[PDB]
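Q: Dumping the structure here so I can ask a few things about it.
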4 protein chains.
Amino acid sequence: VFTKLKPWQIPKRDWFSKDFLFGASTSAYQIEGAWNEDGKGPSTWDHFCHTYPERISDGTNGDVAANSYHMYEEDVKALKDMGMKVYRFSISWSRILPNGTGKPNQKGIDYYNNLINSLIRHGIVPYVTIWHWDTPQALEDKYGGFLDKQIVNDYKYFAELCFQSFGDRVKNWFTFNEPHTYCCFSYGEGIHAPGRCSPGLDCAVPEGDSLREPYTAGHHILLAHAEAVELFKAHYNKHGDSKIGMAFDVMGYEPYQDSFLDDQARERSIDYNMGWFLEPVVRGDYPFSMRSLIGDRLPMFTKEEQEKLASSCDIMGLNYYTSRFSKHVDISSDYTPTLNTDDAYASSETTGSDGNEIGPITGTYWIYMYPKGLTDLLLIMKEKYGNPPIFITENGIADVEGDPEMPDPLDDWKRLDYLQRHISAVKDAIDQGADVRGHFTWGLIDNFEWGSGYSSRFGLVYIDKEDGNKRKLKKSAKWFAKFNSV
Amino acid sequence: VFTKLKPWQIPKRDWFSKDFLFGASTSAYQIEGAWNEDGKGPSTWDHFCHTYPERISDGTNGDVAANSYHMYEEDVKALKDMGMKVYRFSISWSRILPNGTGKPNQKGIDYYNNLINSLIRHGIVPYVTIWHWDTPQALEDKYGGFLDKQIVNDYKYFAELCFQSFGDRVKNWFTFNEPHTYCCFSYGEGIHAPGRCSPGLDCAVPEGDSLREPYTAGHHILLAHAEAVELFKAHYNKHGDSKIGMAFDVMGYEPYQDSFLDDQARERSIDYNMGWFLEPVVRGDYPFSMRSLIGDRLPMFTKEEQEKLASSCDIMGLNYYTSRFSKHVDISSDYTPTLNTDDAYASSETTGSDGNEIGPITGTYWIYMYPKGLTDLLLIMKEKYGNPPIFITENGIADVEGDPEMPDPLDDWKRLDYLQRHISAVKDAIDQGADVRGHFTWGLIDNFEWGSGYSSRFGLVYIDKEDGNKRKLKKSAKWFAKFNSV
Amino acid sequence: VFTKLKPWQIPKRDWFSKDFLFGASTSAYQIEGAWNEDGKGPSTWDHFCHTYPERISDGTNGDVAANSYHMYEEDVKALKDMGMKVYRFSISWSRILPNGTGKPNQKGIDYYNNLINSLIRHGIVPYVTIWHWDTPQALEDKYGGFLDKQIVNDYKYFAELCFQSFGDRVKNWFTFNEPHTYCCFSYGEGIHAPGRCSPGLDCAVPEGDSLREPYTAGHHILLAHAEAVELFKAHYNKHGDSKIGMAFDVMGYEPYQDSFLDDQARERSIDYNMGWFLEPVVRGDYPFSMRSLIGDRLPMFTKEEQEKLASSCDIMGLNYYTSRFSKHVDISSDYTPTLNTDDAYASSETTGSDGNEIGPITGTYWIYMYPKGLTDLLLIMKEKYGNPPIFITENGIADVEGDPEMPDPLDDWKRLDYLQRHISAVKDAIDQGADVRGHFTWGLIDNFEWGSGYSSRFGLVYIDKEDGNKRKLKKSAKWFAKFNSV
Amino acid sequence: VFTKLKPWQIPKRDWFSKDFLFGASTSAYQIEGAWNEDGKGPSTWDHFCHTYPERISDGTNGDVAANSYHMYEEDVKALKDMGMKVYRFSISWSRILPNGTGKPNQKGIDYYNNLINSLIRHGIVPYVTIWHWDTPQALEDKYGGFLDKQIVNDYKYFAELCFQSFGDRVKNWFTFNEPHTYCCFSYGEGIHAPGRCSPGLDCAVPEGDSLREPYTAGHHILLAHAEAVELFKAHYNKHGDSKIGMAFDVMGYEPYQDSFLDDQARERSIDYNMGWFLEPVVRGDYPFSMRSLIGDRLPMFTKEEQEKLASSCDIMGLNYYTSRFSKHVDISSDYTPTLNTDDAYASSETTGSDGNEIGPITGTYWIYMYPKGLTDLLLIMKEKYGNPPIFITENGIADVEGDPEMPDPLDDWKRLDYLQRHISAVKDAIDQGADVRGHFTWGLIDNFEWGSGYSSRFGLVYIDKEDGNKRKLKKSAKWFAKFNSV
Ligand SMILES: O=[N+]([O-])c1ccc(O)c([N+](=O)[O-])c1
Ligand SMILES: O=[N+]([O-])c1ccc(O)c([N+](=O)[O-])c1
Ligand SMILES: O=[N+]([O-])c1ccc(O)c([N+](=O)[O-])c1
Ligand SMILES: O=[N+]([O-])c1ccc(O)c([N+](=O)[O-])c1
Ligand SMILES: *[C@H]1O[C@H](CO)[C@@H](O)[C@H](O)[C@H]1F
Ligand SMILES: *[C@H]1O[C@H](CO)[C@@H](O)[C@H](O)[C@H]1F
Ligand SMILES: *[C@H]1O[C@H](CO)[C@@H](O)[C@H](O)[C@H]1F
Ligand SMILES: *[C@H]1O[C@H](CO)[C@@H](O)[C@H](O)[C@H]1F
């Protein structure tokens with residue numbers, strides 16, 4: 001049993017202002033393929049699938065993906081067929097600068113220009129993510145990538161190349177997508193590229209430090225962000241018509257039990273999941289809870305860095321899927337952190353004190369449906385962080401390959417119902433005064449879901465692997481066509 | 001200008017239930033004198049005035065004080081004349097056990113029995129504080145007093161002697177009064193006996209550690225408390241008619257500025273000022289904020305100790321005078337704590353972000369009038385800590401000797417107005433559901449105010465030093481006589 | 001110490017609708033100079049500085065001021081450089097009709113036409129104040145100016161000349177600016193032109209009646225207003241695209257103490273400060289509190305006048321700077337009013353019952369920062385007076401010449417912070433449903449601040465007296481350029 | 001149609017605390033008879049019926065009334081049969097001091113002692129009204145009664161005689177009952193004894209001043225009250241077990257229409273009806289609205305009088321029947337007050353702006369049922385005047401002689417339903433925190449209703465005029481017997 005909305009509860013486009021923006025997202029590694037064509041350099045993700053293919057659940061990789069490097073016109077067509085106003089895509093760093101640094105790859109640039117111009121031809125606004133986990137392996141080999149401060153200037157140069165090549169047409173940018181997921185998975189658990197973790201943990205490269213490397217990578221992301229935004233505002237915003245921000249993964253939290261301790265744990269969960277990266281772009285420092293618990297493992301900003309970081313986003317993206325219960329862990333003699341996420345002293349529980357799961361499972365094991373958590377986080381943005389302009393830059397569910405209760409990949413009523421509930425939760429936040437400007441479904445098309453490969457399908461549009469990677473509208477996509485009055 | 005209540009706003013006795021208790025407090029060192037009579041041993045406070053007399057502002061000490069060791073019948077008479085229902089006094093450890101341990105001093109015991117029996121004769125209920133800063137100097141010399149765990153068992157034995165000698169008549173007990181003030185002043189700033197602080201700070205004995213000794217003393221107080229309460233419940237409560245708790249100094253806090261940082265600082269101020277000692281008797285551990293900021297300087301409880309501490313108070317005393325603004329301090333490279341109170345990362349400010357003091361000065365430099373802070377703390381007790389039974393075991397103001405705006409020591413309209421506002425703030429909390437059971441003014445009589453000597457007068461009843469230490473009712477006391485319908 | 005907003009609390013242009021209007025104000029006498037050029041007649045203010053120069057604090061006058069009669073193009077340029085959408089300026093009655101009545105001065109008219117056309121050329125909307133304290137001295141000499149009903153028809157004719165000359169281009173008008181300040185200062189205290197007060201008070205011309213002349217002048221203003229608005233609606237609004245109202249000085253009030261008496265005093269303060277002039281344009285009579293306290297000194301309206309006055313504003317301006325505490329004064333034998341403002345029976349106090357000032361001083365002695373008072377008054381407009389369209393037609397602070405804490409006249413972070421807090425308070429009112437349509441800073445440029453001369457600088461733009469009256473953008477002005485995305 | 005409460009909405013005794021007091025009231029002139037027996041002097045009411053019998057609607061008077069001077073034991077019996085805990089009765093001044101002053105009438109005293117002792121024998125507490133409109137005609141003849149200050153001392157002496165004769169047994173006193181009704185009717189409209197009004201108005205003695213005499217009488221009542229209470233507290237409250245206050249007639253008010261003017265009118269209605277007499281005993285002065293509108297016709301208090309009046313009631317009685325709409329009247333040229341009640345500038349309307357009466361008629365033309373008005377006034381007491389102890393000292397309805405819809409005088413379901421609704425409204429106020437201590441129905445027995453004679457029956461107990469003035473329990477009385485569990 002999965003209870004759907006009553007029909008009079010289904011969102012209508014008029015619930016939202018005329019300037020509010022509906023769209024969908026993808027990322028370069030997840031859809032493009034052509035991983036070695038036209039001069040493209042390898043990324044950490046090319047390298048990690050090619051050297052540790054067993055770390056992808058279903059044995060696949062992104063060498064071809066949805067083949068959007070050649071089929072992008074079909075991605076544009078599917079957006080136009082759903083009536084979407086915005087497409088949020090990412091630039092593959094390694095496609096445009098094969099060595100991370102130096103000579104731009106002109107074919108890489110032409111590709112983005114082609115997609116950009118096609119969107120504009122079709123009345124769709126491009127929102128661009130500069131970096132989406134996607135680091136050139138040349139920079140990884142040369143100095144350990146995000147673990148070395150040399151990443152800061154190299155990223156700055158990449159960002160600049162984006163502004164120069166695409167900024168006359170692209171007016172909305174996100175520097176980084178999901179720094180918290182990236183740091184935890186790539187350098188804490190190590191299940192994501194480049195696959196690092198502490199000795200004795202199970203990841204491709206157990207030569208790292210799960211209590212230190214995530215913070216180091218994180219700190220360089222934030223410094224990279226501040227440099228790029230400074231450069232943008234000084235030399236690439238002459239009309240004053242362009243906006244730049246960052247997109248954050250966020251989970252909602254509820255206290256595990258009715259207890260002032262779990263109330264405190266909940267605030268530590270949110271600092272750690274959201275405030276890690278958001279509190280630096282707001283005030284130029286990490287949350288106090290994090291500095292107090294993580295100490296010398298969490299680098300200090302200089303005064304110049306504090307001030308460059310504070311107020312560095314015109315827009316913020318929130319990538320939201322699900323929520324957890326937050327359960328208080330005591331500081332004690334018998335307990336020491338082993339993963340970076342242990343430093344919150346709050347375990348994320350899928351079941352609450354009364355023995356119930358937080359909401360219904362939606363397909364993949366980690367997406368429990370809890371739209372209230374999203375409205376809650378949006379009200380924190382409003383009340384605590386100054387109500388800056390929010391886009392929901394990811395929201396959606398997977399259908400899991402071979403699941404007997406999702407036998408027809410186009411009949412995604414479950415995805416549709418989740419998306420309708422979340423859009424309705426965004427309406428709730430807007431009615432309560434939250435400054436939300438858009439909703440971008442993850443994903444436009446089924447794509448390579450990292451460690452799960454293609455086996456997790458997140459698209460509004462089906463990618464038929466047995467039929468030449470053809471784009472087919474699912475039931476969800478067809479609802480959007482009607483909703484957007486196409 | 002000091003604005004008084006309008007007359008229709010003045011509390012009436014009927015505002016409060018018939019079982020609600022109005023009373024006054026004193027402590028042994030502050031009123032008794034007779035510091036070496038009838039076999040009494042010296043305390044840390046005898047020693048500290050006799051060895052470091054220059055640490056008392058006005059050059060005085062407690063050798064004679066109000067001379068309540070001989071004039072207690074006049075203290076009883078003054079309570080009866082105001083119509084008070086309760087007298088909260090302390091037992092001098094050194095009077096009853098001159099060496100801290102061993103043979104009881106029978107004259108010391110007789111004295112308390114005399115006071116107790118006189119109160120009961122006069123219809124007044126005795127509430128007894130076992131320890132009020134007042135440690136035998138023999139235990140201080142032998143092992144450093146509260147800095148050594150041997151204090152735990154020695155205190156237990158003292159408490160037991162109290163229960164045995166006085167428990168057939170005394171049914172309400174506080175183990176300790178103001179642990180937070182005691183730890184900060186006696187071992188942090190070192191302005192109170194035994195006068196210890198870090199090398200390089202200005203106190204009588206700069207041989208201590210202002211970042212460690214306060215926590216050590218504190219931890220032993222809490223262990224001493226748990227042992228005494230365990231012993232009490234097991235062997236001294238056979239009728240089940242007796243109650244035992246602890247009394248805490250508390251300041252109200254308001255955020256310095258409208259900022260989520262100062263909201264966070266405020267919660268750290270309250271943990272540090274109130275939760276330091278209260279959160280152990282509630283859950284058997286210190287506040288998480290304190291463990292996170294203080295780490296190895298804050299001792300761990302064993303599991304037996306956690307469980308003995310949790311729910312160890314039947315009643316709690318709140319000693320309230322004033323409030324502060326709490327201002328957020330960042331964890332940074334350039335900042336290290338030097339006093340224990342630095343570990344809150346929240347400075348207590350008397351002036352707020354708009355440049356105004358929190359409330360009017362009342363006489364002594366640290367008592368700013370802010371009755372709202374008291375209602376607020378009472379609602380935290382209710383909402384956060386389970387609404388346990390609260391007594392206001394201290395509340396009041398000083399008149400400062402020689403102040404030209406308080407030229408007549410009996411005309412204390414200012415004290416009266418403050419007390420009426422605070423009683424009215426207690427009524428506010430009770431109307432909002434806070435379980436408040438009594439209000440004890442500090443102090444019954446002018447007394448030795450520690451480092452300020454007699455120059456700070458806190459009494460409802462004037463002690464005429466030029467007229468044989470005679471008790472004279474002030475205007476405040478006379479209001480109580482009417483209020484209590486005498 | 002002057003605490004600034006946290007950076008995430010700073011208003012952004014998007015807080016406000018696209019039709020909301022940001023602008024700045026000036027007045028003719030305060031900026032124009034050229035006080036006797038091109039046929040211009042003298043005003044009461046020319047006369048009052050020339051006959052009583054000692055009544056201007058710093059010994060200056062408005063003979064040249066900012067020299068905007070010749071430098072208006074630089075005023076326009078400074079508005080365009082800040083990105084302002086609206087300029088609210090006043091018409092000098094005496095420039096356009098040197099004798100008050102009769103032959104128009106064509107050069108006077110040409111001047112306004114030049115400013116108007118320049119604003120429109122530069123995309124800026126003109127909002128025009130017809131009269132801003134600025135009465136022709138010929139009418140003052142002939143019949144005592146606003147003290148004689150002949151002012152009513154003479155003003156009507158002046159207004160008509162404005163509508164005829166400028167109404168094809170100007171579509172928003174205010175008949176009068178700050179009647180309450182004008183009546184109190186010019187005829188009560190007498191510190192403003194024409195400088196009248198009761199015998200025995202200290203003003204230039206103590207031949208008046210501080211209990212009667214303010215009400216007489218006031219009543220004629222209101223009658224003048226009703227005549228001009230009747231004429232406007234009947235003959236100068238053929239497209240129905242024009243709006244006409246009045247602008248009121250207002251202070252916020254808080255009760256001095258928690259007392260139903262001070263609650264009553266507060267409502268009398270607001271009637272006297274705001275309702276004096278606003279309640280006539282709403283219902284066609286003065287507030288009942290005023291008629292009850294002022295009796296025969298407060299003229300009666302006829303029925304025709306009541307009906308002409310009621311609903312006579314399409315738009316209202318609120319000129320807001322600061323707030324006061326209102327303290328109840330008793331009607332008693334021993335007390336009689338001497339100034340008109342005594343008739344409120346409520347003294348305006350800068351300090352409250354707890355001994356604190358209402359908010360921080362901002363430079364000049366009478367501007368205490370209290371943005372909450374503005375939101376409060378805006379909610380009274382909404383809830384009590386029918387939520388008519390409100391413009392904040394003045395709001396700002398002075399920097400005082402020679403103040404050692406404002407040594408650099410362009411570094412006006414203090415002004416900027418006050419303005420950001422007030423804009424944010426306007427946002428608060430709008431979120432609570434108040435119909436606020438614009439915010440005009442006082443002043444566009446440093447100017448002649450009446451009895452304080454040039455020594456009080458109110459501008460967003462500095463007027464460099466040592467550099468040829470050159471316009472220089474202050475830090476506040478530069479913030480507006482960014483805020484308005486220029 | 002008169003809609004009754006649903007049965008589950010009917011008050012139960014347990015709705016109220018165990019100390020809450022249910023009782024009934026009467027007054028001396030209205031029930032006693034024996035108007036010239038045993039040495040009793042005549043009152044203003046004896047004189048007024050005997051000289052102006054045509055001013056009593058039904059041609060009757062109080063010469064015999066209920067004959068309670070001889071049948072008081074039946075009044076006691078009826079209270080005991082209903083289970084009442086309290087009887088509020090008045091002392092006839094003229095019975096106990098036939099000449100107003102001088103030799104006490106011992107038989108008059110014996111009578112009250114007999115009633116008092118009988119109540120106590122029967123477990124009923126006496127609450128005594130010293131004066132209830134009932135002035136000795138000797139004082140009326142000698143100096144015009146309440147119009148001369150000599151009434152002040154004469155009343156003081158009468159009160160003292162009461163305290164001396166009855167104070168060992170009577171512990172609760174009201175100095176005066178309904179001063180506002182008394183002043184308006186006796187000296188404004190003149191329909192009550194001594195029957196005075198302005199020349200040209202229709203009353204027995206149109207030789208008075210309806211704009212001045214009510215205030216003069218009122219002011220002396222208040223001075224008389226302050227003197228008696230001062231004397232009481234100083235010499236007749238040695239155990240501190242006695243309480244003294246005043247009882248006020250009050251109507252509820254609602255604004256006639258939704259208009260800030262009617263909101264203002266409503267506050268003037270309440271000041272005039274309730275605050276006239278209540279604001280003096282609270283703060284020692286009349287309401288500001290009254291001083292502002294009434295000026296020299298409203299006498300000033302001296303400072304001694306202000307302070308003697310302020311806080312002069314331990315208890316307050318509210319006599320409540322009904323409510324009105326308050327409609328704003330303008331201060332204008334064409335309008336001058338003729339009756340004292342015109343000075344509120346607020347007409348009391350029985351019908352509201354929507355054309356509906358405020359509530360259902362209950363029998364007599366002026367009692368419209370509106371229990372909400374009572375809860376409202378009780379919350380004003382709580383929120384504005386300090387929540388002093390309130391008794392509802394009168395509340396009830398008349399059955400009108402010959403009314404065809406009340407043909408059986410004992411079947412008073414209508415009275416019962418009104419009383420149940422009002423008791424329930426008192427419960428509402430108590431639940432919202434109002435300090436209400438008792439409910440006394442007017443009246444214990446049918447009695448002489450002043451200008452309406454016996455034709456208005458207000459009793460819980462019927463007085464059978466055709467059967468020897470026999471007491472018969474009505475349906476209402478029988479409900480009380482059950483309610484009070486008899
Ligand atoms: O586990 N997560 O919270 C989470 C969030 C965003 C993500 O993108 C992913 N992910 O790609 O596996 C996981
Ligand atoms: O400074 N304090 O907060 C504070 C509290 C209780 C106290 O007893 C004292 N004291 O005795 O100095 C001081
Ligand atoms: O004192 N004021 O409230 C006030 C208001 C507006 C004003 O314009 C002035 N003023 O020009 O001096 C003063
Ligand atoms: O008319 N009234 O409001 C009112 C009030 C109390 C009353 O006692 C009377 N009365 O006796 O006629 C009348
Ligand atoms: C947002 O989450 C989705 C779902 O896990 C991922 O595919 C994206 O890459 C991440 F950006
Ligand atoms: C409570 O505070 C008072 C006032 O500072 C001290 O005298 C007491 O000893 C403390 F217990
Ligand atoms: C508004 O107030 C400002 C500041 O006092 C004055 O300069 C203006 O003339 C008045 F309209
Ligand atoms: C209370 O009102 C009742 C009903 O009008 C009168 O009879 C009383 O005398 C008055 F006190």
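Here, A, B, ... name the chains of the structure tokens in the order displayed, residue numbers run from 1 inside each chain, and ligands are numbered from 1 in the same displayed order.
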When you get a sec, could you note down which chain A residues fall within 7 Å of chain B, using only C-alpha atoms, as a PyMOL selection string?

A: chain A and resi 260+291-293+331+384

Q: Can those selected residues be exported to a file as a PDB file, in the first residue's frame so that it contains N, CA and C atoms?

A:
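Generated output (selection.pdb):
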ATOM      1  N   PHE A 260      14.829  16.865  25.369  1.00  0.00           N
ATOM      2  CA  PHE A 260      15.628  18.048  24.996  1.00  0.00           C
ATOM      3  C   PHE A 260      16.977  17.587  24.408  1.00  0.00           C
ATOM      4  N   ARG A 291      32.969  23.218  14.893  1.00  0.00           N
ATOM      5  CA  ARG A 291      34.280  23.639  15.500  1.00  0.00           C
ATOM      6  C   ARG A 291      34.440  23.105  16.878  1.00  0.00           C
ATOM      7  N   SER A 292      33.413  23.069  17.691  1.00  0.00           N
ATOM      8  CA  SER A 292      33.572  22.545  19.020  1.00  0.00           C
ATOM      9  C   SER A 292      33.807  21.081  19.094  1.00  0.00           C
ATOM     10  N   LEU A 293      33.231  20.300  18.122  1.00  0.00           N
ATOM     11  CA  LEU A 293      33.365  18.856  18.189  1.00  0.00           C
ATOM     12  C   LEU A 293      34.579  18.328  17.358  1.00  0.00           C
ATOM     13  N   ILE A 331      28.989  12.375  24.499  1.00  0.00           N
ATOM     14  CA  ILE A 331      30.422  12.427  24.593  1.00  0.00           C
ATOM     15  C   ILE A 331      30.808  11.553  25.822  1.00  0.00           C
ATOM     16  N   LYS A 384      16.172  31.738  10.090  1.00  0.00           N
ATOM     17  CA  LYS A 384      17.504  31.724  10.707  1.00  0.00           C
ATOM     18  C   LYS A 384      18.511  32.401   9.781  1.00  0.00           C
TER      19      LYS A 384
END

Q: Which residues come within 12 Å of residue D:357, counting only C-alpha atoms, excluding same-chain residues fewer than 2 positions away, as JSON, numbers by chain?

A: {"D": [254, 256, 322, 323, 324, 325, 348, 349, 350, 351, 352, 353, 354, 355, 359, 360, 361, 366, 367, 368, 369, 370]}

Q: Determine which residues of stretch 15-249 of chain C DSSP labels as strand (DSSP E or B) from the backbone of this structure, then write them out as an NGL selection string.

A: :C and (21-25 or 43 or 86-90 or 125-131 or 136 or 172-177 or 196 or 205 or 243-249)

Q: How would the residues just chosen look if you wrote them out with N, CA and C atoms as a CSV table (one decimal), in the first residue's frame?

A:
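Writing the result to result-v9.csv gives the following:
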chain,number,residue,atom,x,y,z
C,21,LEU,N,8.5,51.5,-4.9
C,21,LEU,CA,9.3,52.6,-5.3
C,21,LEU,C,10.3,53.1,-4.2
C,22,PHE,N,11.6,53.1,-4.6
C,22,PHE,CA,12.7,53.6,-3.8
C,22,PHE,C,13.0,55.0,-4.3
C,23,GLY,N,13.2,55.9,-3.5
C,23,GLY,CA,13.5,57.3,-3.9
C,23,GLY,C,14.2,58.1,-2.7
C,24,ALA,N,14.2,59.4,-2.9
C,24,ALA,CA,14.8,60.3,-2.0
C,24,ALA,C,14.0,61.6,-2.1
C,25,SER,N,14.1,62.3,-1.0
C,25,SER,CA,13.4,63.7,-0.9
C,25,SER,C,14.3,64.9,-0.7
C,43,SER,N,10.5,84.4,0.8
C,43,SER,CA,9.7,83.6,1.6
C,43,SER,C,9.8,84.0,3.0
C,86,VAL,N,12.2,57.3,-8.0
C,86,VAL,CA,11.4,58.5,-7.6
C,86,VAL,C,12.2,59.6,-6.9
C,87,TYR,N,11.9,60.8,-7.3
C,87,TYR,CA,12.4,62.0,-6.6
C,87,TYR,C,11.2,62.8,-6.1
C,88,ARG,N,11.2,63.0,-4.8
C,88,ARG,CA,10.2,63.9,-4.2
C,88,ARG,C,10.8,65.2,-3.9
C,89,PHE,N,10.4,66.3,-4.6
C,89,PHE,CA,10.9,67.6,-4.4
C,89,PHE,C,9.8,68.5,-4.2
C,90,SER,N,10.0,69.8,-3.7
C,90,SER,CA,9.0,70.8,-3.5
C,90,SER,C,9.1,72.0,-4.4
C,125,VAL,N,10.6,59.3,-11.7
C,125,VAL,CA,9.3,59.8,-11.6
C,125,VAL,C,9.3,61.0,-10.6
C,126,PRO,N,8.8,62.1,-11.0
C,126,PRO,CA,8.6,63.3,-10.0
C,126,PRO,C,7.4,63.2,-9.1
C,127,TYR,N,7.6,63.3,-7.8
C,127,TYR,CA,6.5,63.3,-6.8
C,127,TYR,C,6.7,64.7,-6.2
C,128,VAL,N,5.7,65.5,-6.2
C,128,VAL,CA,5.9,66.9,-5.9
C,128,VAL,C,5.1,67.4,-4.7
C,129,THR,N,5.8,68.0,-3.7
C,129,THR,CA,5.3,68.7,-2.6
C,129,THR,C,5.0,70.1,-3.0
C,130,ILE,N,3.7,70.6,-2.9
C,130,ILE,CA,3.3,71.9,-3.3
C,130,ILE,C,3.9,72.9,-2.3
C,131,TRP,N,3.8,72.6,-1.0
C,131,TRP,CA,4.2,73.6,0.0
C,131,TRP,C,5.0,72.9,1.1
C,136,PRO,N,5.2,82.6,0.8
C,136,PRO,CA,5.6,84.0,0.4
C,136,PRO,C,5.5,85.0,1.5
C,172,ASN,N,1.7,62.8,-9.2
C,172,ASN,CA,1.6,62.5,-7.8
C,172,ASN,C,2.1,63.7,-7.0
C,173,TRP,N,1.2,64.1,-6.1
C,173,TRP,CA,1.3,65.3,-5.4
C,173,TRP,C,1.0,65.2,-4.0
C,174,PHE,N,1.8,65.9,-3.2
C,174,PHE,CA,1.5,66.2,-1.7
C,174,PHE,C,1.2,67.7,-1.5
C,175,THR,N,0.0,68.0,-0.9
C,175,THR,CA,-0.3,69.4,-0.8
C,175,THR,C,0.6,70.1,0.3
C,176,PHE,N,0.9,69.4,1.4
C,176,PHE,CA,1.5,70.0,2.5
C,176,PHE,C,2.5,68.9,3.0
C,177,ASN,N,3.6,69.3,3.6
C,177,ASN,CA,4.6,68.4,4.3
C,177,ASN,C,4.7,68.8,5.7
C,196,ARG,N,7.0,82.7,15.8
C,196,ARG,CA,6.0,83.2,16.8
C,196,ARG,C,5.8,82.3,18.0
C,205,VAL,N,9.8,86.3,17.6
C,205,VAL,CA,8.7,87.1,17.8
C,205,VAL,C,7.6,86.7,18.8
C,243,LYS,N,-2.7,61.3,-8.6
C,243,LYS,CA,-3.0,61.1,-7.2
C,243,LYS,C,-2.4,62.3,-6.3
C,244,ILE,N,-3.2,62.5,-5.2
C,244,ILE,CA,-2.9,63.7,-4.4
C,244,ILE,C,-3.1,63.3,-3.0
C,245,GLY,N,-2.2,63.8,-2.1
C,245,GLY,CA,-2.4,63.4,-0.7
C,245,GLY,C,-1.6,64.5,0.2
C,246,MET,N,-1.2,64.1,1.4
C,246,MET,CA,-0.6,65.0,2.3
C,246,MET,C,0.5,64.1,2.9
C,247,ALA,N,1.6,64.7,3.5
C,247,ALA,CA,2.7,64.0,4.1
C,247,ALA,C,2.8,64.4,5.6
C,248,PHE,N,2.8,63.5,6.5
C,248,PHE,CA,2.7,63.8,7.9
C,248,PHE,C,3.9,63.4,8.6
C,249,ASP,N,4.4,64.3,9.5
C,249,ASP,CA,5.4,63.8,10.4
C,249,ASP,C,4.8,63.0,11.5

Q: Using only C-alpha atoms, determine which residues lie at most 6 Å from stretch 429-437 of chain D, disregarding the query and same-chain residues fewer than 6 positions distant; provide the list as a list in words.

A: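 Residues near the query, excluding close chain neighbours: residues 20, 375, 382, 387, 389, 390 and 391 of chain D.
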
Q: Would you pick out the contacts of stretch 464-477 of chain B at 8 Å or less, using only C-alpha atoms, so that residues sharing its chain but fewer than 3 positions from it are not included, and give the list as a PyMOL selection string?

A: chain B and resi 66-67+74-75+78+82+409-413+415-416+445+460-461+480-481

Q: Skipping near chain neighbours, those fewer than 2 positions away, what residues fall within 12 Å of residue A:102 using only C-alpha atoms, listed as a PyMOL selection string?

A: chain A and resi 93-94+96-100+104-105+138-139+154-155+157-158+161

Q: Quick check for you: according to DSSP on this backbone, which residues of stretch 268-299 of chain D are classed as alpha helix (DSSP H)? Reply as a PyMOL selection string.

A: chain D and resi 268-270+276-283+288-294
